[PDB]
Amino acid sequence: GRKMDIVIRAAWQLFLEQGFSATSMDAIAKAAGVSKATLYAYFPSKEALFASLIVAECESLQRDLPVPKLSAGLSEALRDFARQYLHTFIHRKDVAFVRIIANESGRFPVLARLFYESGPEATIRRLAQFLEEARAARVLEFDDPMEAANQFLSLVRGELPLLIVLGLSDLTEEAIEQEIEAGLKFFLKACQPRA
């Protein structure tokens, strides 16, 4: 319980610095100061270990996103959600996770999909349920809620992933507000019923 966490942190450190495949359960045990018997009692395999990291970190992220309320106002709800989406993008593991998994060159499709469904797709679904509410209230129009959620996020996140990866993204809070307001303005321009 108290030990399992020292293992997690040691493993994360190695996965970042070297990648998944280049990190052995052997190295992990030694970095965390445990016997292999111990290590394997907590985690039946390196794949299971990484899955723990993924589900845990991804569920954590998902708690720091709001559940958008239509009572808050349509715009402010979306604006809030975008804001938190981008803060999580910038300051959390999603980029690191993707580098790590992308480095595996498709050797681990189950882990890849687990991340996708636990994070990115989960974000889409939360927003989608909110959008379904907004459409039920006749305050937005669109054929598919997931599709519309994905469109919204795509606009808001724009080309920030690329910029970050290249090390060119530097986003003050005011810079972020601008990214959001542009994305939102456009999204509403396409889904607000013209009237």
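The numbering used is simple: start at 1 and walk along the sequence shown.
- Of the two segments examined, 46-54 and 59-67, it is 59-67 that shows the higher average Cα temperature factor in the deposited entry.
- The deposited model assigns a higher average Cα B-factor to 166-174 than to the other stretch when 166-174 and 138-146 are compared.
- Highest C-alpha temperature factor among 110, 102, 86, 72, as the PDB entry reports it: 72.
- Split the chain's modelled residues into thirds by C-alpha temperature factor. Residue 92 is in the highest one.
- In the PDB entry, a CA B factor belonging to the highest third of its chain's modelled residues is recorded for residue 34.
- For residue 28, the recorded CA temperature factor ranks within the middle third of the chain's modelled residues.
- Remark: residue 82 belongs to the middle third of its chain, ranked by C-alpha B-factor as recorded.
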